[PDB]
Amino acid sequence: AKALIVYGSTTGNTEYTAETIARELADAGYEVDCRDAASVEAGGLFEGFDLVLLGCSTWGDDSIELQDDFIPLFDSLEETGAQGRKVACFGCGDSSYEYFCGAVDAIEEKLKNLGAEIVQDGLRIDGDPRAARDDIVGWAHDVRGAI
């Protein structure tokens, strides 16, 4: 199994999430390519991947904005090869904002509309990812089954 993890992270929380999930899937024997969304090109981005995991934190006060690096990729997602792709999504935010990890909800909606196959409900981390390290490792373990 070949996985691609793309993450948008401002303060490092989701990047630490994506590292932790990449180590879990590498430990289980998946090939893993993990990339900062700021370095990537939407063009056929997901071709050849058995599993694609997209991580993005949430910004904004009364509106949901996606993490700033991730926006460009999000806007071209139809250009990626997501139809039929087995995909899941994750992100850090904070339960005291009106839309808690609303970026994870906006990337899942867009992915579902594309015919993506979401194997697992989104990982939404409230607070510091280093405290929810346990739920991060189990979510990765669990996405390896939805497959």
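For every residue, the number given is its place in the sequence shown, counted from 1.
Chemist: Please work out which of 85-93 and 39-47 has the higher mean CA B-factor as recorded in the PDB entry.
Modeler: Looking at the recorded C-alpha B-factors, 39-47 comes out higher on average.
Chemist: Taking only the CA atoms, which stretch has the higher mean B-factor in the record, 54-62 or 108-116?
Modeler: Looking at the record's C-alpha B-factors, the answer is 108-116.
Chemist: Highest Cα B-factor in the deposition, which of 6, 3, 146, 140?
Modeler: Most elevated C-alpha B-factor of the set, per the entry: 146.
Chemist: So among 24, 126, 15, 134, who wins on Cα B-factor in the entry?
Modeler: The record points to 134.
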